[PDB]
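Enquirer: This is the structure I want to talk about, given as C-alpha cells.
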Amino acid sequence: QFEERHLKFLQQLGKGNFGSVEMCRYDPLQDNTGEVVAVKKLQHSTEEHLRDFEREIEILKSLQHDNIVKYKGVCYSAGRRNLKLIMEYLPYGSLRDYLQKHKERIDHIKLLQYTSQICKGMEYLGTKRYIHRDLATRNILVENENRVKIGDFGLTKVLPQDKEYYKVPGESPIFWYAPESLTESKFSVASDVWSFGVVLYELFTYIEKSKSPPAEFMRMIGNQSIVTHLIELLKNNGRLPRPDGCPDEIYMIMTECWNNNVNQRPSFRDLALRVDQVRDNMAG
Ligand SMILES: CCc1cc(O)ccc1-c1ccc2c(-c3nc4ccccc4[nH]3)n[nH]c2c1
C-alpha cells in the first residue's frame, strides 16, 4: 500500500488518451532518497476505464516471471476515482526506442535473444489463459542489454473457462490485429501469435519509420474506411514484406504467424524451440 504523500514526482515517462505514466521516487522516510517506480494514473476517470483499470491491476498482481514486468502495489490515498498503479521502473524504456537508438550495437543474434524472452513470457501468459492483446515493440520494456520484459497489460483479458476466444473500442492497434480481431472482435492466443509475428517484423526492420506496419500497410492499401481496406487486403493474402537482410527461417515464422486461419498458426512453445534453435545455428 503506497501513500501519495511519499510519492515524489521526477518526470513524465509516456502518455495516452486517458492513462499516463510517471517516474517517481517512493520516499517514506523522506530521507533524502528511496526507490524509483513507474506510476500509472487515469486522466479521464470514466467508470468503464476505472473498472478496466482495476481489472488490469488484478492481472498484473497475479504475474511472476523473469520476462514480465513486476507489480509493486497501488495508491488509494486520494480516492478510488484516481487510483494509481505502481510498477517497477526499468531505466532503458521501451524496445521501440531502445532498439532505435542502440541499433548499431544490436545484431540478428541480439534480436533473436529478445525474441526468445518474449515467447517465454507469452508461453507463461498462455498458462494463465490471458490474452495480452497489445503485443507490439512499444509495450516491451528493457531491464538490461540481456533482458527485456513484457508489459502494457491494459488491454489484457482473461479467457472464459469454457471458450478459447474472447469477444470485446477505442483506439485499437489495427496494424497489429489479426483478421478475426478486426472483423469479429475475437481475441485469443491465436491473435496474440499474429501480433508476435509483427513484433518479429518490427525488430527485423530495426523500427525504421518508412518500413513500419502502418507505413507499409497504408502503401499497399493505396492509392471508406481504413479498417475495411485492411480487412480486404489481408483477405487477399496481402502481407508485410520480408525485411531487408532477414533470414529465410525467421521470415518463415512471420509468414506462419500471419495465417488467415486461427488453427493453423504456430504455438508459443513451438516458436520458442524454433527461435532458440535458429540462434545457435547463427552463433555456433
Ligand atoms: C506503470 C504503467 C504500466 C502498467 C502496466 O499494466 C504494465 C506496465 C507498465 C509500465 C510502463 C512503463 C514503464 C517503465 C518505463 N521506464 C522508462 C524509461 C524511459 C522511457 C520510458 C519508460 N517507461 N518502467 N516501468 C514501467 C511499467
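Enquirer: For an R0 of 22 angstrom, estimate the FRET efficiency from the Cβ-Cβ distance between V158 and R269 and round to the nearest 0.05.
Expert: 0.60
Enquirer: Let me ask something else. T33 to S77: FRET efficiency via 1/(1 + (r/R0)^6), r the Cβ-Cβ distance, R0 22 Å, to the nearest 0.05?
Expert: It comes out at approximately 0.60.
Enquirer: By the scheme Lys and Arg +1, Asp and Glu -1, what is the net charge of all other residues having a beta-carbon under 13 Å from that of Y92?
Expert: So the environment of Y92 carries a net charge of +1.
Enquirer: List the pairs from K120/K157; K128/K209; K40/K157 whose alpha-carbon separation is above 24 Å, in the order I gave them.
Expert: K128/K209
Enquirer: Give the separation of the Cα centroids, region 204-253 to region 1-72, in Å.
Expert: Distance between centres, Cα-based: 34 Å.
Enquirer: Using a 10 Å cut-off on Cβ atoms, rank the peptides 127-138, 254-265 from the highest mean neighbour count down.
Expert: Result, highest mean Cβ count within 10 Å first: 127-138, 254-265.
Enquirer: Let me ask something additional. Ranking request for peptides 34-40, 105-111: highest mean number of other beta-carbon atoms within 10 Å first, then the rest in descending order.
Expert: 34-40, 105-111
Enquirer: Please list the non-local residues whose amide H lies under 5 Å from the amide H of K72, H modeled 1.01 Å from N, same-chain partners needing a gap of 5 or more.
Expert: Hits under the 5 Å cutoff: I86, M87, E88.
Enquirer: Tell me, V168, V275 in order of fewest to most beta-carbon neighbours within 10 Å?
Expert: With the fewest neighbours first, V168, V275 line up as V168, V275.
Enquirer: Next up: By counting other Cβ atoms within 10 Å of each Cβ, how are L29, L95 ranked from fewest to most?
Expert: Placing the least packed residue first, the sequence is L29, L95.
Enquirer: Using label points projected 7 Å from each Cα along Cα→Cβ, tell me how many nm separate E88 and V227, to one decimal.
Expert: In this crude spin-label approximation the distance works out to 3.7 nm.
Enquirer: At 7 Å along Cα-to-Cβ for each site, give me the label-to-label distance between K8 and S172 in nm.
Expert: 4.4 nm
For neighbour counting, all protein chains shown are included, and Cβ atoms are generated from backbone atoms with ideal geometry for every residue, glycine included. Any read-out appearing in this document is the output of simple, stated calculations on the displayed coordinates, not a laboratory observation.
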